[PDB]
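Worksheet: the structure to be examined is printed underneath.
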Number of protein chains: 2
Amino acid sequence: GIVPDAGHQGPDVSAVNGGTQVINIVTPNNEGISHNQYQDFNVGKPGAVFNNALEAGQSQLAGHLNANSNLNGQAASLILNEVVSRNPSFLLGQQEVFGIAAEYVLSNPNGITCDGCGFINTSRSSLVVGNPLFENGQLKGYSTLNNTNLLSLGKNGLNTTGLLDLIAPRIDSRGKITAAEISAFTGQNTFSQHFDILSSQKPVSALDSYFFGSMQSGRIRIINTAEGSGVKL
Amino acid sequence: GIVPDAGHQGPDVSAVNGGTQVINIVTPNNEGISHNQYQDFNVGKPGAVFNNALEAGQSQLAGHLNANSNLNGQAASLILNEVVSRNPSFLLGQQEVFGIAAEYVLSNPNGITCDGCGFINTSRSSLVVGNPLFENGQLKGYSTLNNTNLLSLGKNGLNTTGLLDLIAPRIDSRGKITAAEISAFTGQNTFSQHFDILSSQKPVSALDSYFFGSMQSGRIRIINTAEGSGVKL
């Protein structure tokens, strides 16, 4: 399911009970960013729990858990999950931040597919079909340049009580998206770490996005930078 | 087609050639707002031309036209068209601002239906299923409170090179919307004159909007203030 990278940014991964995965995220940097790298990142119906706790307590999906000692007393402000292989990601269940609420990012330039997935105890969750941009260990933004892959949301939809960002060369959504706010940025873009669009490529051929399904949110923004490409619905 | 109100804010309306309507809008106020009132406001395939010109010249839809002497030398910054009857509006063709480019608003609380309509030489065009709010002759905003009527966009769509606002208790769109930016505000709201949402009612029953069709625009925003009401697509 979730397979950590073998290097220093691979978190400790285990699973409990019916297979709910538990990820002790790696120590956050001075900016509060826990940068976790994976060979595989997939979530099933049992869900997954990111341990961002400074003290032991009760998680929603995985029962009682100890504090995450990797935190060294400072919880992450952003939990950044980066797939560094060629494997695409499938999210079929809930992902919970246990402990201190945090921002969540999954970056996978090979593609991300949600179907009945969701986020618990996140202020903001972003799905990025692209790569994070680092400079001297500091997160500077994200890139969907030179990428034509797809963020796909299935008929069982996606739900969160927090903010949601969907970032990909193209997006295809067929189910209900429930979020406090929905921000969808399509095309080939350079982003700041707050998802400001800094610049955009013109794709070699059209990159069309399809939102079908529905959206249950008080604020929706869709920005498509691929001139001549459309938002179908 | 277009029938001006009999009072002081009824503009002078005529038609040329195959029936293209020509509206000499009324004198703008000190804010630059030309507030035109109508018993009926409908546009057919021949289109309509709002004369906002300080000098004679060539209009796209209606041929050669003189300056609009109602302007008294100052072109309108906003051309506000208000339907004051119970009649809904049907827009089946192009509306052109002749002369100085301006903002355009059509307000009709009984409902507005676009089908193959469009806007020429407008910086921003807004369709408002609601009423303008005036205080001592100054435009203070718009209201969709206590209104459940529909802004409908037909299969032949809507096109403009400028900005577009769609404001209504509910919106049902089945065609392609082409605009520099699209802003859709649904629900029962009090608006500022720049379409800031100042407050919102909770509807007695759900006010659902349906965007189908497509959107060809680099920036789309959809804001639905009716909690529990959805954006279907």
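Identifiers in the structure tokens: chain A, B, ... in order shown; residue index from 1 per chain; ligand index from 1 in order shown.
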
List the spatial neighbours of residue 118 in chain A as JSON, numbers by chain - criterion: any atom at most 12 Å away, only C-alpha atoms, same-chain residues fewer than 2 positions off excluded. {"A": [43, 44, 45, 46, 47, 48, 49, 91, 92, 93, 94, 95, 96, 97, 104, 114, 115, 116, 120, 121, 122, 124, 125, 126, 127, 153, 156, 157, 158, 159, 160, 161, 162, 163, 164, 176, 177, 178, 179]}

Could you write out as an MDAnalysis selection string the residues of chain A within 6 Å of chain B, counting only C-alpha atoms? chainID A and resid 212:216 218:225 230:233

Selection export as an mmCIF file, in the first residue's frame, atoms kept: C-alpha atoms:
data_model
loop_
_atom_site.group_PDB
_atom_site.id
_atom_site.type_symbol
_atom_site.label_atom_id
_atom_site.label_comp_id
_atom_site.auth_asym_id
_atom_site.auth_seq_id
_atom_site.Cartn_x
_atom_site.Cartn_y
_atom_site.Cartn_z
ATOM 1 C CA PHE A 212 -18.701 15.946 -13.861
ATOM 2 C CA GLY A 213 -20.413 14.797 -10.695
ATOM 3 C CA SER A 214 -21.087 17.646 -8.277
ATOM 4 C CA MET A 215 -19.412 20.028 -5.833
ATOM 5 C CA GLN A 216 -20.644 20.739 -2.310
ATOM 6 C CA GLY A 218 -19.215 27.445 -0.612
ATOM 7 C CA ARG A 219 -16.298 28.601 -2.764
ATOM 8 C CA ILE A 220 -15.035 27.002 -5.978
ATOM 9 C CA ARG A 221 -12.178 28.299 -8.139
ATOM 10 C CA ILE A 222 -11.016 26.666 -11.359
ATOM 11 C CA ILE A 223 -7.970 28.150 -13.091
ATOM 12 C CA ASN A 224 -6.881 26.686 -16.432
ATOM 13 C CA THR A 225 -3.687 28.170 -17.853
ATOM 14 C CA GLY A 230 -11.388 23.960 -21.868
ATOM 15 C CA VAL A 231 -13.227 23.003 -18.697
ATOM 16 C CA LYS A 232 -15.927 20.520 -19.699
ATOM 17 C CA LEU A 233 -18.936 19.722 -17.594
#

Excluding residue 141 in chain A and residues on its chain fewer than 6 positions from it, collect all residues at most 12 Å away from it, counting only C-alpha atoms, and give them as JSON, numbers by chain. {"A": [80, 105, 107, 128, 130, 131, 132, 133, 134, 135, 189, 190, 191, 192, 193, 194, 195, 196, 197, 198, 199]}

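Shortest atom-to-atom contact with residue 11 in chain A among A:206, A:79, A:23, A:106: A:23, counting only C-alpha atoms.
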
If DSSP is run on the backbone, what residues of range 16-97 of chain A are strand (DSSP E)? A reply as an MDAnalysis selection string would be ideal. chainID A and resid 16 20:24 33:40 48:52 57:59 63:65 78:83 89:91 94:97

Output file for the selection above: C-alpha atoms, as a PDB file, in the first residue's frame:
ATOM      1  CA  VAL A  16      -3.092  -2.296  12.572  1.00  0.00           C
ATOM      2  CA  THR A  20      -5.285   0.656   8.621  1.00  0.00           C
ATOM      3  CA  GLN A  21      -1.860   2.074   7.843  1.00  0.00           C
ATOM      4  CA  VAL A  22      -0.007   4.231  10.372  1.00  0.00           C
ATOM      5  CA  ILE A  23       2.773   6.551   9.207  1.00  0.00           C
ATOM      6  CA  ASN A  24       5.204   8.053  11.696  1.00  0.00           C
ATOM      7  CA  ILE A  33       7.591  20.788   6.847  1.00  0.00           C
ATOM      8  CA  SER A  34       7.706  17.010   7.255  1.00  0.00           C
ATOM      9  CA  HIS A  35       8.988  15.866   3.854  1.00  0.00           C
ATOM     10  CA  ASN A  36       8.180  12.162   3.448  1.00  0.00           C
ATOM     11  CA  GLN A  37       9.259  10.246   0.347  1.00  0.00           C
ATOM     12  CA  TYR A  38       7.691   7.036  -0.952  1.00  0.00           C
ATOM     13  CA  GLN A  39       8.253   4.328  -3.548  1.00  0.00           C
ATOM     14  CA  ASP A  40       4.487   3.671  -3.385  1.00  0.00           C
ATOM     15  CA  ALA A  48      -4.300   5.696   6.802  1.00  0.00           C
ATOM     16  CA  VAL A  49      -3.188   7.704   9.824  1.00  0.00           C
ATOM     17  CA  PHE A  50      -0.317  10.197   9.858  1.00  0.00           C
ATOM     18  CA  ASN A  51       1.063  10.468  13.374  1.00  0.00           C
ATOM     19  CA  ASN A  52       1.541  14.186  14.032  1.00  0.00           C
ATOM     20  CA  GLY A  57      -4.055   9.638  22.409  1.00  0.00           C
ATOM     21  CA  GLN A  58      -6.972   8.212  20.453  1.00  0.00           C
ATOM     22  CA  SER A  59      -6.973   8.310  16.657  1.00  0.00           C
ATOM     23  CA  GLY A  63      -7.197   3.337  17.828  1.00  0.00           C
ATOM     24  CA  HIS A  64      -4.719   4.320  20.509  1.00  0.00           C
ATOM     25  CA  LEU A  65      -1.314   5.570  19.374  1.00  0.00           C
ATOM     26  CA  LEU A  78       2.735  20.692   6.562  1.00  0.00           C
ATOM     27  CA  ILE A  79       2.880  16.952   5.940  1.00  0.00           C
ATOM     28  CA  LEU A  80       4.329  16.622   2.438  1.00  0.00           C
ATOM     29  CA  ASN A  81       4.077  13.145   0.916  1.00  0.00           C
ATOM     30  CA  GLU A  82       6.157  12.784  -2.265  1.00  0.00           C
ATOM     31  CA  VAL A  83       6.120   9.712  -4.516  1.00  0.00           C
ATOM     32  CA  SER A  89      -1.304   6.613  -6.501  1.00  0.00           C
ATOM     33  CA  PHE A  90      -4.778   5.293  -5.697  1.00  0.00           C
ATOM     34  CA  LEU A  91      -6.680   6.750  -2.737  1.00  0.00           C
ATOM     35  CA  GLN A  94      -9.784   8.199   4.537  1.00  0.00           C
ATOM     36  CA  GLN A  95      -6.479   9.778   5.538  1.00  0.00           C
ATOM     37  CA  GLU A  96      -6.348  11.127   9.084  1.00  0.00           C
ATOM     38  CA  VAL A  97      -3.889  13.526  10.677  1.00  0.00           C
TER      39      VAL A  97
END

Report, in Å with one decimal, the straight-line distance from CA of residue 203 in chain B to CA of residue 155 in chain B. 28.1 Å

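Separating CA of residue 17 in chain B from CA of residue 68 in chain B is a distance of 19.4 Å.
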
How many Å lie between CA of residue 88 in chain B and CA of residue 18 in chain B, rounded to one decimal? 23.8 Å

Using only C-alpha atoms, which residues sit within 6 Å of residue 170 in chain A once same-chain residues fewer than 3 positions away are excluded, as a PyMOL selection string? chain A and resi 150+186+207+209

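Residues in contact range of residue 69 in chain A, defined as at most 9 Å between only C-alpha atoms, with sequence neighbours fewer than 5 positions away removed, read residues 24, 27, 53 and 54 of chain A.
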